[PDB]
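Source file start.cif; content: mmCIF, N, CA and C atoms.
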data_target
loop_
_atom_site.group_PDB
_atom_site.id
_atom_site.type_symbol
_atom_site.label_atom_id
_atom_site.label_comp_id
_atom_site.auth_asym_id
_atom_site.auth_seq_id
_atom_site.Cartn_x
_atom_site.Cartn_y
_atom_site.Cartn_z
ATOM 1 N N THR U 1 103.115 81.816 86.024
ATOM 2 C CA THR U 1 102.653 80.813 86.978
ATOM 3 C C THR U 1 103.506 80.766 88.238
ATOM 4 N N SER U 2 104.775 81.146 88.162
ATOM 5 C CA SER U 2 105.597 81.252 89.358
ATOM 6 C C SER U 2 105.675 82.675 89.892
ATOM 7 N N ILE U 3 104.968 83.617 89.268
ATOM 8 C CA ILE U 3 105.000 85.021 89.664
ATOM 9 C C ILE U 3 103.586 85.490 89.989
ATOM 10 N N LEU U 4 102.677 85.422 89.009
ATOM 11 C CA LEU U 4 101.275 85.734 89.286
ATOM 12 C C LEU U 4 100.735 84.896 90.436
ATOM 13 N N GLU U 5 101.246 83.674 90.605
ATOM 14 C CA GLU U 5 100.923 82.906 91.800
ATOM 15 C C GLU U 5 101.668 83.389 93.035
ATOM 16 N N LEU U 6 102.594 84.341 92.914
ATOM 17 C CA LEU U 6 103.127 84.955 94.126
ATOM 18 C C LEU U 6 102.146 85.979 94.686
ATOM 19 N N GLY U 7 101.662 86.886 93.835
ATOM 20 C CA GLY U 7 100.648 87.828 94.277
ATOM 21 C C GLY U 7 99.350 87.135 94.636
ATOM 22 N N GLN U 8 98.860 86.279 93.736
ATOM 23 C CA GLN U 8 97.691 85.461 94.040
ATOM 24 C C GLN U 8 97.920 84.611 95.280
ATOM 25 N N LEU U 9 99.121 84.047 95.421
ATOM 26 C CA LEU U 9 99.410 83.136 96.522
ATOM 27 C C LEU U 9 99.611 83.859 97.846
ATOM 28 N N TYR U 10 99.778 85.177 97.837
ATOM 29 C CA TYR U 10 99.767 85.934 99.080
ATOM 30 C C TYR U 10 98.409 86.564 99.373
ATOM 31 N N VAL U 11 97.421 86.379 98.492
ATOM 32 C CA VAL U 11 96.063 86.807 98.809
ATOM 33 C C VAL U 11 95.505 85.981 99.956
ATOM 34 N N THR U 12 95.844 84.692 100.007
ATOM 35 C CA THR U 12 95.448 83.876 101.147
ATOM 36 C C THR U 12 96.149 84.332 102.418
ATOM 37 N N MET U 13 97.374 84.848 102.295
ATOM 38 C CA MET U 13 98.090 85.338 103.466
ATOM 39 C C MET U 13 97.352 86.513 104.097
ATOM 40 N N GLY U 14 97.133 87.573 103.326
ATOM 41 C CA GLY U 14 96.279 88.660 103.749
ATOM 42 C C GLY U 14 96.970 89.864 104.351
ATOM 43 N N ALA U 15 98.299 89.878 104.428
ATOM 44 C CA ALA U 15 98.983 91.023 105.017
ATOM 45 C C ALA U 15 98.805 92.226 104.100
ATOM 46 N N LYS U 16 98.208 93.292 104.632
ATOM 47 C CA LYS U 16 97.572 94.296 103.783
ATOM 48 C C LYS U 16 98.591 95.199 103.100
ATOM 49 N N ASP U 17 99.408 95.899 103.890
ATOM 50 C CA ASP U 17 100.283 96.945 103.359
ATOM 51 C C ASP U 17 101.036 96.508 102.105
ATOM 52 N N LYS U 18 101.472 95.250 102.052
ATOM 53 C CA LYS U 18 102.120 94.763 100.837
ATOM 54 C C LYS U 18 101.101 94.424 99.751
ATOM 55 N N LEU U 19 99.933 93.884 100.130
ATOM 56 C CA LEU U 19 98.858 93.682 99.157
ATOM 57 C C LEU U 19 98.512 94.985 98.450
ATOM 58 N N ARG U 20 98.688 96.112 99.140
ATOM 59 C CA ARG U 20 98.627 97.416 98.495
ATOM 60 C C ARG U 20 99.706 97.550 97.431
ATOM 61 N N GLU U 21 100.839 96.882 97.620
ATOM 62 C CA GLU U 21 101.953 96.975 96.693
ATOM 63 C C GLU U 21 101.984 95.842 95.676
ATOM 64 N N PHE U 22 101.005 94.933 95.701
ATOM 65 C CA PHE U 22 100.945 93.900 94.672
ATOM 66 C C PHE U 22 100.358 94.427 93.370
ATOM 67 N N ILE U 23 99.345 95.292 93.452
ATOM 68 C CA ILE U 23 98.785 95.888 92.235
ATOM 69 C C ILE U 23 99.830 96.707 91.491
ATOM 70 N N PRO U 24 100.719 97.461 92.149
ATOM 71 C CA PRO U 24 101.885 97.998 91.429
ATOM 72 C C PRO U 24 102.711 96.936 90.727
ATOM 73 N N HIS U 25 102.695 95.696 91.215
ATOM 74 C CA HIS U 25 103.374 94.624 90.497
ATOM 75 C C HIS U 25 102.542 94.135 89.321
ATOM 76 N N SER U 26 101.224 94.015 89.503
ATOM 77 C CA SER U 26 100.359 93.658 88.385
ATOM 78 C C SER U 26 100.357 94.725 87.302
ATOM 79 N N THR U 27 100.821 95.933 87.614
ATOM 80 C CA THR U 27 101.208 96.888 86.582
ATOM 81 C C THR U 27 102.591 96.546 86.043
ATOM 82 N N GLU U 28 103.590 96.558 86.929
ATOM 83 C CA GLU U 28 104.973 96.267 86.571
ATOM 84 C C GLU U 28 105.107 94.966 85.787
ATOM 85 N N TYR U 29 104.607 93.866 86.346
ATOM 86 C CA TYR U 29 104.896 92.537 85.812
ATOM 87 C C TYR U 29 103.923 92.127 84.706
ATOM 88 N N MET U 30 102.617 92.086 85.015
ATOM 89 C CA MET U 30 101.618 91.487 84.123
ATOM 90 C C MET U 30 101.744 91.960 82.679
ATOM 91 N N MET U 31 102.309 93.145 82.459
ATOM 92 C CA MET U 31 102.437 93.677 81.111
ATOM 93 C C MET U 31 103.663 93.165 80.361
ATOM 94 N N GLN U 32 104.635 92.534 81.031
ATOM 95 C CA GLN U 32 105.876 92.224 80.328
ATOM 96 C C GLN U 32 105.749 91.008 79.423
ATOM 97 N N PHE U 33 104.778 90.127 79.675
ATOM 98 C CA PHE U 33 104.475 89.069 78.717
ATOM 99 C C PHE U 33 103.621 89.593 77.570
ATOM 100 N N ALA U 34 102.615 90.404 77.885
ATOM 101 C CA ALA U 34 101.820 91.101 76.882
ATOM 102 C C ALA U 34 101.631 92.531 77.357
ATOM 103 N N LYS U 35 102.098 93.494 76.563
ATOM 104 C CA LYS U 35 101.970 94.895 76.943
ATOM 105 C C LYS U 35 100.537 95.399 76.873
ATOM 106 N N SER U 36 99.604 94.582 76.395
ATOM 107 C CA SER U 36 98.212 94.987 76.318
ATOM 108 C C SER U 36 97.647 95.204 77.716
ATOM 109 N N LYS U 37 96.502 95.884 77.764
ATOM 110 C CA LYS U 37 95.911 96.306 79.027
ATOM 111 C C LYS U 37 95.804 95.142 79.999
ATOM 112 N N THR U 38 96.300 95.362 81.210
ATOM 113 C CA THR U 38 96.073 94.459 82.323
ATOM 114 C C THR U 38 94.936 94.931 83.209
ATOM 115 N N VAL U 39 94.245 96.008 82.817
ATOM 116 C CA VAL U 39 93.152 96.560 83.612
ATOM 117 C C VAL U 39 92.079 95.521 83.886
ATOM 118 N N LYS U 40 92.044 94.444 83.104
ATOM 119 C CA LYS U 40 91.233 93.296 83.479
ATOM 120 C C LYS U 40 91.840 92.588 84.686
ATOM 121 N N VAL U 41 93.110 92.185 84.575
ATOM 122 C CA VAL U 41 93.802 91.576 85.708
ATOM 123 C C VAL U 41 93.963 92.589 86.831
ATOM 124 N N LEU U 42 94.295 93.836 86.479
ATOM 125 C CA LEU U 42 94.392 94.896 87.476
ATOM 126 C C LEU U 42 93.096 95.023 88.260
ATOM 127 N N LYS U 43 91.986 95.268 87.560
ATOM 128 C CA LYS U 43 90.701 95.474 88.223
ATOM 129 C C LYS U 43 90.310 94.267 89.064
ATOM 130 N N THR U 44 90.429 93.068 88.487
ATOM 131 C CA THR U 44 90.068 91.853 89.212
ATOM 132 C C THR U 44 90.881 91.711 90.494
ATOM 133 N N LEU U 45 92.187 91.971 90.424
ATOM 134 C CA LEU U 45 93.007 91.896 91.626
ATOM 135 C C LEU U 45 92.698 93.038 92.584
ATOM 136 N N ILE U 46 92.251 94.182 92.062
ATOM 137 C CA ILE U 46 91.838 95.289 92.919
ATOM 138 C C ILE U 46 90.675 94.858 93.793
ATOM 139 N N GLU U 47 89.652 94.261 93.179
ATOM 140 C CA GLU U 47 88.549 93.731 93.969
ATOM 141 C C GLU U 47 88.993 92.556 94.828
ATOM 142 N N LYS U 48 90.030 91.830 94.398
ATOM 143 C CA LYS U 48 90.531 90.709 95.186
ATOM 144 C C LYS U 48 91.176 91.187 96.482
ATOM 145 N N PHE U 49 91.873 92.322 96.442
ATOM 146 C CA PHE U 49 92.425 92.923 97.647
ATOM 147 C C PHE U 49 91.416 93.772 98.402
ATOM 148 N N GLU U 50 90.358 94.223 97.733
ATOM 149 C CA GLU U 50 89.329 95.014 98.390
ATOM 150 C C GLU U 50 88.358 94.132 99.157
ATOM 151 N N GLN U 51 88.074 92.937 98.634
ATOM 152 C CA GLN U 51 87.278 91.942 99.341
ATOM 153 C C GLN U 51 88.022 91.301 100.497
ATOM 154 N N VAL U 52 89.297 91.631 100.691
ATOM 155 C CA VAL U 52 90.051 91.208 101.869
ATOM 156 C C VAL U 52 89.225 91.549 103.101
ATOM 157 N N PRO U 53 89.152 90.660 104.092
ATOM 158 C CA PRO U 53 88.357 90.950 105.290
ATOM 159 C C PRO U 53 88.688 92.322 105.860
ATOM 160 N N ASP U 54 87.661 92.950 106.411
ATOM 161 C CA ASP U 54 87.552 94.328 106.899
ATOM 162 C C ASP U 54 87.922 95.356 105.821
#

Write-out of the structure in structure tokens:
Amino acid sequence: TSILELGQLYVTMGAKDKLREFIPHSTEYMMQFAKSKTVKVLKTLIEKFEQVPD
């Protein structure tokens, strides 16, 4: 909640080049609480950064 809301909380910001580097965090981080597939969270955040304007 204080980390996933960092990546989620910078989706409103919209600065792209780092948003490219947030999904590497949703790989790095999202798995450390549960090592099970984050490809749900991964994929959802992928579309979340892809739906970014332009």

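Every protein, DNA or RNA residue with an atom at most 6.5 Å from region 44-51 of chain U, where only N, CA and C atoms count and chain neighbours fewer than 4 positions away do not, is listed here: residues 19, 39 and 40 of chain U.
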
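Take atom N of residue 2 (chain U) and CA of residue 35 (chain U): the distance between them is 18.0 Å.
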
Atom pair atom N of residue 28 (chain U) / CA of residue 43 (chain U): separation (Å): 13.0 Å

Protein, DNA and RNA residues within 8 Å of (104.1, 87.4, 89.7), all atoms listed in the file, as a list in words: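 Residues with an atom close enough to that point: residues 1, 2, 3, 4, 5, 6, 7, 8, 25, 26, 29 and 30 of chain U.
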
Store the residues of this selection in a file with N, CA and C atoms, as a tab-separated table (two decimals), keeping the file's coordinate frame.
chain	number	residue	atom	x	y	z
U	1	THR	N	103.12	81.82	86.02
U	1	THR	CA	102.65	80.81	86.98
U	1	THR	C	103.51	80.77	88.24
U	2	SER	N	104.78	81.15	88.16
U	2	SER	CA	105.60	81.25	89.36
U	2	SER	C	105.68	82.68	89.89
U	3	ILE	N	104.97	83.62	89.27
U	3	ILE	CA	105.00	85.02	89.66
U	3	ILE	C	103.59	85.49	89.99
U	4	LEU	N	102.68	85.42	89.01
U	4	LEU	CA	101.28	85.73	89.29
U	4	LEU	C	100.74	84.90	90.44
U	5	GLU	N	101.25	83.67	90.60
U	5	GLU	CA	100.92	82.91	91.80
U	5	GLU	C	101.67	83.39	93.04
U	6	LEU	N	102.59	84.34	92.91
U	6	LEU	CA	103.13	84.96	94.13
U	6	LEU	C	102.15	85.98	94.69
U	7	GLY	N	101.66	86.89	93.84
U	7	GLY	CA	100.65	87.83	94.28
U	7	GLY	C	99.35	87.14	94.64
U	8	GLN	N	98.86	86.28	93.74
U	8	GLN	CA	97.69	85.46	94.04
U	8	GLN	C	97.92	84.61	95.28
U	25	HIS	N	102.70	95.70	91.22
U	25	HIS	CA	103.37	94.62	90.50
U	25	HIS	C	102.54	94.14	89.32
U	26	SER	N	101.22	94.02	89.50
U	26	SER	CA	100.36	93.66	88.38
U	26	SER	C	100.36	94.72	87.30
U	29	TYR	N	104.61	93.87	86.35
U	29	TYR	CA	104.90	92.54	85.81
U	29	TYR	C	103.92	92.13	84.71
U	30	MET	N	102.62	92.09	85.02
U	30	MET	CA	101.62	91.49	84.12
U	30	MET	C	101.74	91.96	82.68

Between atom C of residue 14 (chain U) and atom N of residue 54 (chain U) - distance in Å to one decimal: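 Rounded to one decimal, the two atoms are 10.0 Å apart.
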
Surrounding residues of residue 27 (chain U) excluding itself and chain neighbours under 5 positions, 7 Å, all atoms listed in the file, as an NGL selection string: :U and (22 or 32 or 42)
